[PDB]
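Engineer: experimental structure and its sequence below.
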Amino acid sequence: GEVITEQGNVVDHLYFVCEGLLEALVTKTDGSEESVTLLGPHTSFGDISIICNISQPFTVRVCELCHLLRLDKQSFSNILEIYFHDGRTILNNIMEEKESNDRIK
Amino acid sequence: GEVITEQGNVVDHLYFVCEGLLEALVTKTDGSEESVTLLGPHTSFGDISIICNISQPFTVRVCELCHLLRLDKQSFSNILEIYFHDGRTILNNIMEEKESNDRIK
Amino acid sequence: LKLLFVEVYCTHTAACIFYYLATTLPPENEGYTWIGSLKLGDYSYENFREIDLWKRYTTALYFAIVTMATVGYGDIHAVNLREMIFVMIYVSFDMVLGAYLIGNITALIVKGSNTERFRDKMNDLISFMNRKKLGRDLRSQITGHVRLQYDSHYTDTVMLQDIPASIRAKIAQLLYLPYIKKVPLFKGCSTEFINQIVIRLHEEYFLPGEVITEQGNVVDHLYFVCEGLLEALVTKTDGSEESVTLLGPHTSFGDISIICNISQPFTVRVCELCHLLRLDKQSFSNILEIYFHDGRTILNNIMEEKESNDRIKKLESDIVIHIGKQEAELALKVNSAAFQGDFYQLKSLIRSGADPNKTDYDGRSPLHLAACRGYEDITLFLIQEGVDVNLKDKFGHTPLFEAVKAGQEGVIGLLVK
Amino acid sequence: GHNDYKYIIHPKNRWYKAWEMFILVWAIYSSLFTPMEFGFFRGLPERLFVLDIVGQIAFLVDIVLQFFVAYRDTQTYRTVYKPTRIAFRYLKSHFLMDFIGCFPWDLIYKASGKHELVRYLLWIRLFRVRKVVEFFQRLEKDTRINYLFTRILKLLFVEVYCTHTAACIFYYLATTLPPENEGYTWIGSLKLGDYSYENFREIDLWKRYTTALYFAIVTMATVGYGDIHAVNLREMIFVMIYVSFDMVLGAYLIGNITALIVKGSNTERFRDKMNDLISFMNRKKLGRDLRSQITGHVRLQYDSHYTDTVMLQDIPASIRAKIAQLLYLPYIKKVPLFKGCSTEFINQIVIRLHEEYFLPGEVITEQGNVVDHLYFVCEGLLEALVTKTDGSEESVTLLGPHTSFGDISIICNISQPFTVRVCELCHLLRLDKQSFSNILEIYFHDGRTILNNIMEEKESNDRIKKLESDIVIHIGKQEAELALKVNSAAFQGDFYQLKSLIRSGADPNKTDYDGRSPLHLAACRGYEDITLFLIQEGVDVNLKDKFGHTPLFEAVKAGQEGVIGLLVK
């Protein structure tokens, strides 16, 4: 129960989620939120912006006891640069990951 | 009297001049720099250089105190990349000030 | 001291309260008091309200003091319930207060003592010599200088680098500055030269009998004898060292090594504890380069027009030769940039004092080479500088014709503008 | 100049240190007998008469030698030998008290009608403890034993001295009461066991001494058995004074020992950090081989200590330079990087150098990093591994002893071609980027010489041609700088500059940014002697520039007939 990432945020810190599920509530401009639950154990959030330079797609608030593996933007991108074909492979794997996930954005 | 940055220094932090005066004595080949001021609270230096990727334009020293709100250059650059049009707004606003802000002019 | 006064006051008040509690009993039940039933030696404090005042006081205070140190002789001890309760209160409070006393003293001596600081440093220094397998010839010196560091404590000051460089500049301008004006060799220059070269000065001390700069050794640190006495022995080929003069206050040596670029021509040994001011050779030469305008008169007071050691300039003079050279060199480096195309470097040299209208050894200005090379941005910044677009070289080539011959039609447009 | 001022011995001179220890022993006895002589005796018995005489002889000899030995003038910090100053030093400080102590005060008291106020002068002899203070100063300074340890030994000696003096003063206060009133004294009314300690002035000296000292030692630890307690008012007052002073002194002793324990030792800090680490490892169920690796890390971490150089910066930079050139420089000459380079430049490296021991397996610099430190590998092997776009982190090589890495990011400032890891603990001689860059600016010839060293390794596996090429662009950059310098200085006429620089490098004709050799502009000046050198330098005399300017044409243009003749020749 701790709001961690908010929509429209340039995140230099993506997170890998280890314990407990989350809530990727896409805050609706009408006043409420999408109430979309963010998959927890062995999933992640706060990375799509890092992946494709969009603003933070959804507001995530920790719902269960969460241990995370927060990853910095700078070094992650640098490692992408070092491992280029691997990095492009991660980009593609992100597309495939959310192809069946049917993510909103 | 705590000179923050001098001309030629690689810029890495955009410092906002909040409460407290700020000298920012521009450098001159006389070896004694100059006596130009950058006002006080509700001001900013280190912005321009960071945007144009040049090194510190001139010497900047603290007049009596300065509650500088440090901003990391890579982080600020990430913002201007992500807010491209808003980044342009900044430069436009600066020229608008520069015409009377000979300090930056 | 506060807590010791608290001890004194609490014991005095405890003795007074103890004797008072003795008095609260009726004078017939005195035998059931601490003092009424007191039989120290052969003296019985029978009529304890009729004894001398100082005997009663010193007895009560004897009890109070011994209990304060928890000696508990047992000769004087609480008997009544009032006395026993009061002794309980006093003893419980005194235990805490004595624990506070021990804690305060222990805090004071856990803070550390300058002797301890030196010991720690010196112990680790000796361990470094052991582990590094150093020679004794300099181990004696290094221990000597650690001890000297203690003997002056000038090292708090270097531990005060945290104070901003402006304030450090001011303390330097308070102590080095009067010195550096006093010595005539370094006197007669801009306030800047003096102030900056003061900023870089570092305090050092040396024990008697230490060669800091040996004859024939390049000096990398220009020392100043602010206080103390040095010795400038000329070591001859056989080995005999004849001191031409003794280097006392207001005496500079090692300047030859930085200006004439000759390794020190005389071994400088230490006669007495000297307050020396280290000045990096690189830095001193740099400051002359920046301040060659004052370097003229300064060398006129060290090397030029100087008979102190009967030498004007053995090396090539540059206070005015390299100045004339530099006026062209700086623009030459500008031309090198115009061939290279580094706008910021080019600008930085213009900031340094470069005249963009200066030509080269072939008559070609930075405009010329910028136009020919076709760095249109370089030429644009030079246009903001308003360089003559009509001055030509020694071969009848104007900047417009530079752009024409080099095929730089865009630079042609910029020049036409 | 010890020759002029004879009959003066050094404070450290031998055969005087032994005398110092002997007089220290005699001072210990005198300082610990004087309380006994004053308290337990109202006049020394005839049996103990030669002892007092010999003591005063010994301290007279001490005065005589204190009028001779030299000392180090604290302000000047030189051992001054002039006897006038030695006499002034002693006479002004520490002479009169000791001399007064030398007086046979017991003999005076006996031949003075037995007046007690004269015997009170015996307490002056206690000022011979100053010698114990001196010895404790010498022992403390000596690094062999801990400073705070001596502080507790000195405190223990203070405890013993004060306890013994307190016992003697307590028995003296017992003796001040008239014997008829001896029943009012702490000793007169003492009946430990069946011994009634009556007529106390007629007991063995040792029984009375131990009894008094027993009281003192018991109160020293505040045991307060109560068997021996004060009775008179004078004894009560003295016990108050002694008990308060002993409180403060015992608190000081407990504090000194507590400071010893609290400050700790290096092994104790290691063990507490290891307690933290084993907590971590046990919670994380780490592999036992890995647990051994971490233990080895911290073990080697305290075993190899080198931060004394951080503490060595206190020693002046000349001596730091001496230590550097006596330790690092042997390694540096062996390194091929500076092979055939000016030894003054290498010395400046040695001064700007930093000894370091990175752990086995600890990467020095990540792949593609702008290294801010040029590390010299000396006495051991380190791993260099190039990682590419394909991700293959193939090991370039084990660089080995007397080699160098990181200079690629210093000489030309390119991202680190190989991540540099470690295989086993070795010597790393770190060089800050700015220091090496600055000394390169100072010596551009040593810069080109490092370049020529890379060239001597060019054919070898110094760097991948691609990485090496980025370097040779920078190499051509510096040769071009030297080219413009050659042109300018040939235009200047300083023959030595051209000669030294040319033999250093740039033997061929160097075309400037206008493609021009120095021959043309030197000809314009009429510099026939530089023209003569450049004739010996094989500078092409038909060398038209980019703009087609022949040296013959330029000389003919200038009109310097002599230079034209040389060019035609």
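Structural biologist: That came through fine. Numbers count the residues shown, from 1 in each chain, chains lettered A, B, ... in the order given.
Engineer: count of residues packed around the residue of chain A found nearest chain C?
Structural biologist: Here the residue of chain A nearest chain C is residue A:74; by Cβ to the nearest Cβ that distance is 24.9 Å. All C-beta atoms are positioned from the backbone trio N, CA, C, and that covers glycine. The criterion is other Cβ atoms under 10 Å in any protein chain shown. On that basis, residue A:74 has 13 neighbouring residues.
Engineer: how about the residues of chain A by chain D?
Structural biologist: A:78, A:81-86 (Cβ under 8 Å from any Cβ of the partner chain).
Engineer: need the max-distance pair from those residues.
Structural biologist: Maximum pairwise distance among the residues of chain A next to chain D (Cβ to Cβ): 15.6 Å, between A:78 and A:85.
Engineer: return the set of buried residues in stretch A:1-20.
Structural biologist: Using 16 or more other Cβ atoms under 10 Å in any protein chain shown as the test for burial, stretch A:1-20 gives A:4-5, A:7, A:10-15, A:17.
Engineer: please report how far residue A:15 lies from residue A:9.
Structural biologist: 12 Å (Cβ to Cβ, to the nearest Å).
Engineer: can you name the residues that contact residue A:13?
Structural biologist: Neighbouring residues of residue A:13 by Cβ atoms under 8 Å, 6 or more residues apart in numbering or on different chains: A:46, A:70-73.
Engineer: so of the residues you listed, which ones are in strands?
Structural biologist: Using DSSP state E, A:71-72 are the members of those that sit in strands.
Engineer: name the member of the contacts of residue A:13 with the most neighbours.
Structural biologist: residue A:46 (25 neighbours).
Engineer: ok, now which ones touch that residue?
Structural biologist: With Cβ under 8 Å, 6+ apart, residue A:46 has these contacts: A:4-5, A:11, A:13-15, A:56, A:60.
Engineer: one more: residue A:66?
Structural biologist: A:17-20, A:22, A:40.
Engineer: hmm, 10 Å instead?
Structural biologist: A:1-2, A:4, A:15, A:17-22, A:40-41, A:60 (Cβ atoms under 10 Å, 6 or more residues apart in numbering or on different chains).
Engineer: now, which of the residues of chain A next to chain D sits nearest residue B:102?
Structural biologist: residue A:78 (40.1 Å).
Engineer: centre of the chain to whichever strand or helix holds the closest one, how far?
Structural biologist: Per DSSP states H and E: residue A:78 is located in helix A:73-82. Its chain's average C-alpha position is 17 Å from that of helix A:73-82, according to Cα atoms, centre = their mean, to the nearest Å.
Engineer: helices and strands around the longest helix along chain A, which ones?
Structural biologist: Longest helix in chain A by number of residues (criterion: DSSP state H): helix A:84-101. Helix A:84-101 sits against strand A:43-45, helix A:48-52, helix A:73-82, with contacts defined as 3 or more Cβ pairs under 10 Å, 6 or more residues apart in numbering or on different chains; DSSP states H and E.
Engineer: in the shortest one, which residues are buried?
Structural biologist: It refers to strand A:43-45. A:44-45.
Engineer: tell me how far it lies from the chain's centre.
Structural biologist: So, by Cα atoms, centre = their mean, the centroid of strand A:43-45 is 5 Å from its chain's centroid.
Engineer: contacting residues around that strand?
Structural biologist: A:4-5, A:11, A:14-18, A:21-24, A:38-39, A:56-58, A:60, A:62, A:68-69, A:71, A:97, A:101.
Engineer: show me the residues you listed that map onto strands.
Structural biologist: A:4-5, A:14-17, A:22-24, A:38, A:60, A:62, A:71.
Engineer: can I get those residues in JSON lines including distance to residue B:93?
Structural biologist: Listed next are those as JSON lines, based on distance: Cβ to Cβ, whole Å:
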{"residue": "A:4", "distance to residue B:93": "33"}
{"residue": "A:5", "distance to residue B:93": "29"}
{"residue": "A:14", "distance to residue B:93": "32"}
{"residue": "A:15", "distance to residue B:93": "35"}
{"residue": "A:16", "distance to residue B:93": "39"}
{"residue": "A:17", "distance to residue B:93": "40"}
{"residue": "A:22", "distance to residue B:93": "39"}
{"residue": "A:23", "distance to residue B:93": "38"}
{"residue": "A:24", "distance to residue B:93": "35"}
{"residue": "A:38", "distance to residue B:93": "38"}
{"residue": "A:60", "distance to residue B:93": "33"}
{"residue": "A:62", "distance to residue B:93": "38"}
{"residue": "A:71", "distance to residue B:93": "35"}
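Engineer: biggest separation within the residues you listed, which pair?
Structural biologist: So for the ones in strands among the contacts of strand A:43-45, where distance means Cβ to Cβ, the most widely separated pair is A:23 and A:71, at 20.5 Å.
Engineer: the residue nearest to residue A:24 when sequence neighbours are not counted: neighbour count?
Structural biologist: Distances taken as Cβ to Cβ, 6 or more residues apart in numbering or on different chains place residue A:38 nearest to residue A:24, at 3.5 Å, with adjacent residues excluded. Neighbour count of residue A:38, defined by other Cβ under 10 Å: 21.
Engineer: got a list of what residue A:38 touches?
Structural biologist: Here residue A:38 is in contact with A:5, A:17, A:21-25, A:44-46, A:58-63 (Cβ under 10 Å, 6+ apart).
Engineer: residue A:73 reaches residue A:10, doesn't it?
Structural biologist: Yes. Counting by Cβ atoms under 10 Å, residue A:73 does reach residue A:10; the two are 8.9 Å apart.
Engineer: pull up the overlap in contacts between those two.
Structural biologist: Joint contacts of residue A:73 and residue A:10 (Cβ under 10 Å, 6+ apart) are A:49-50, B:75, B:78.
Engineer: for residue A:40, what are its contacts?
Structural biologist: A:17-23, A:62-66.
Engineer: distance of the closest residue to residue A:73 other than its chain neighbours relative to residue C:144?
Structural biologist: Ranked by Cβ to Cβ, 6+ apart and with sequence neighbours excluded, the top spatial neighbour of residue A:73 is residue A:12, at 4.0 Å. Applying Cβ to Cβ, the value for residue A:12 to residue C:144 is 54 Å.
Engineer: spell out which residues of chain A are next to chain B.
Structural biologist: Within reach of chain B by Cβ under 10 Å from any Cβ of the partner chain, chain A has these residues: A:8-12, A:49, A:53-55, A:73-74.
Engineer: ok, 6 Å please
Structural biologist: Applying Cβ under 6 Å from any Cβ of the partner chain, we find that chain A lies next to chain B at residue A:10.
Engineer: most neighbours of all the shared contacts of residue A:73 and residue A:10, which one?
Structural biologist: residue A:49 leads the shared contacts of residue A:73 and residue A:10 on contacts (other Cβ under 10 Å) with 22 neighbours.
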